[PDB]
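Engineer: My questions will all concern the structure given below.
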Amino acid sequence: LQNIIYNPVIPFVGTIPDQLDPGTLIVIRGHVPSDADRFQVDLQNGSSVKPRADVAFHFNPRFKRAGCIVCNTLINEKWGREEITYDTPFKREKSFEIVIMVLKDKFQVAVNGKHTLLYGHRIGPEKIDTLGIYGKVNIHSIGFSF
Ligand SMILES: OC[C@H]1O[C@@H](O[C@H]2[C@H](O)[C@@H](O)[C@@H](O)O[C@@H]2CO)[C@H](O)[C@@H](O)[C@H]1O
């Protein structure tokens with residue numbers, strides 16, 4: 001793993017150190033705190049706050065009731081169709097590893113050593129240069145393989 005970021009402060013907004021070509025991994029190890037209702041990993045085009053940077057890939061675990069993962073894309077400050085994965089491995093007070101693998105046509109995401117979901121590209125992954133992590137989460141490490 002390359003360009004590892006250790007224990008970043010959340011909210012984190014970092015420049016991804018290379019283009020996300022097919023086969024690239026983003027690996028994120030962390031922990032959901034006991035009072036967490038949600039957090040998010042956003043692959044974004046730039047880091048503008050107003051107007052809000054486009055989010056190619058919004059990966060948003062949610063913990064209310066039985067919980068779920070919501071995926072979407074933000075284009076021109078509008079959210080598109082939500083893709084909700086209900087078989088969620090995330091739990092409050094548990095550790096996790098997320099591996100996002102960028103393929104040509106989709107993202108392939110594995111959580112805790114197990115395939116979790118797919119997400120077809122809506123914005124070309126070549127437009128992504130920024131990783132954002134927000135909400136209630138404790139991130140121990142961010143690693144990249146190009
Ligand atoms: O799709 C991701 C965004 O959802 C926004 O919340 C949605 C909510 O999930 C949906 O059920 C509906 O009622 O409308 C809300 C507004 O679009 C969150 O506010 C945003 O942060 C993203 O997670």
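By convention here, the chains of the structure tokens are called A, B, ... in the order presented, each chain's residues are numbered starting at 1, and ligands are numbered starting at 1 in the order presented.
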List all protein, DNA and RNA residues that have at least one atom no more than 8 Å from any atom of ligand 1, counting only C-alpha atoms and all ligand atoms, and write them as a ChimeraX atom specification.
Structural biologist: /A:40,58,60,70-73,79-82
Engineer: Write out as an MDAnalysis selection string which residues come within 6 Å of residue A:94 when counting only C-alpha atoms, dropping same-chain ones fewer than 3 positions away.
Structural biologist: chainID A and resid 31:32 91
Engineer: Env of stretch 4-10 of chain A: 6 Å cut, atoms = only C-alpha atoms, seq-sep filter 3 positions within chain, self excluded. Answer as an MDAnalysis selection string.
Structural biologist: chainID A and resid 139:143
Engineer: Can you write just those residues out, N, CA and C atoms, as a PDB file, in the first residue's frame?
Structural biologist:
ATOM      1  N   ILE A 139     -11.197   6.824  11.804  1.00  0.00           N
ATOM      2  CA  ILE A 139     -10.393   6.228  10.725  1.00  0.00           C
ATOM      3  C   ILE A 139      -8.943   6.051  11.173  1.00  0.00           C
ATOM      4  N   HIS A 140      -8.446   4.810  11.173  1.00  0.00           N
ATOM      5  CA  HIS A 140      -7.077   4.509  11.589  1.00  0.00           C
ATOM      6  C   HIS A 140      -6.062   4.649  10.447  1.00  0.00           C
ATOM      7  N   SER A 141      -6.483   4.352   9.220  1.00  0.00           N
ATOM      8  CA  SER A 141      -5.566   4.375   8.074  1.00  0.00           C
ATOM      9  C   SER A 141      -6.290   4.438   6.740  1.00  0.00           C
ATOM     10  N   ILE A 142      -5.702   5.189   5.816  1.00  0.00           N
ATOM     11  CA  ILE A 142      -6.157   5.213   4.435  1.00  0.00           C
ATOM     12  C   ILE A 142      -4.977   4.829   3.554  1.00  0.00           C
ATOM     13  N   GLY A 143      -5.142   3.759   2.778  1.00  0.00           N
ATOM     14  CA  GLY A 143      -4.094   3.277   1.883  1.00  0.00           C
ATOM     15  C   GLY A 143      -4.544   3.170   0.439  1.00  0.00           C
TER      16      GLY A 143
END
Engineer: Return the single residue from A:20, A:36, A:99, A:41 that is closest to residue A:67, with distances computed using only C-alpha atoms.
Structural biologist: A:36
Engineer: What separation in Å, quoted to one decimal, exists between atom CA of residue A:2 and atom CA of residue A:96?
Structural biologist: 19.6 Å
Engineer: What's the 10 Å shell around residue A:1, counting only C-alpha atoms, without same-chain residues fewer than 2 positions away, as a list in words?
Structural biologist: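 In the requested form, the answer reads residues 3, 4, 25, 26, 27, 142, 143, 144, 145 and 146 of chain A.
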Engineer: I'd like to know which residues of stretch 8-121 of chain A are strand (DSSP E or B) (by DSSP, run on the backbone); could you write them as a ChimeraX atom specification?
Structural biologist: /A:12-15,24-31,38-49,52-62,68-75,78-79,83-85,95-102,106-111,114-120
Engineer: Find the nearest atom pair between each residue of stretch 26-88 of chain A and stretch 107-123 of chain A for residues within 10 Å, count only C-alpha atoms, give distances in Å to one decimal, sort rows by chain and ascending number, and present the table as a tab-separated table.
Structural biologist:
residue	atom	partner	partner_atom	distance
A:26	CA	A:109	CA	9.5
A:27	CA	A:110	CA	9.6
A:28	CA	A:111	CA	9.6
A:29	CA	A:112	CA	9.4
A:44	CA	A:123	CA	9.7
A:45	CA	A:123	CA	9.3
A:54	CA	A:123	CA	8.8
A:55	CA	A:123	CA	8.4
A:56	CA	A:123	CA	5.3
A:57	CA	A:121	CA	8.0
A:58	CA	A:119	CA	9.8
A:59	CA	A:109	CA	9.5
A:69	CA	A:117	CA	9.3
A:71	CA	A:119	CA	7.6
A:72	CA	A:119	CA	8.6
A:73	CA	A:122	CA	7.2
A:74	CA	A:123	CA	9.3
A:75	CA	A:123	CA	8.4
A:80	CA	A:122	CA	9.6
A:83	CA	A:119	CA	8.1
A:84	CA	A:117	CA	9.6
A:85	CA	A:117	CA	7.2
A:86	CA	A:116	CA	9.9
A:87	CA	A:116	CA	7.9
A:88	CA	A:116	CA	7.9
Engineer: Let me make sure I understand: among A:22, A:77, A:43, A:50, which one has the smallest atom-to-atom distance to residue A:106 if we use only C-alpha atoms?
Structural biologist: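 Of all the options, A:22 lies closest to residue A:106.
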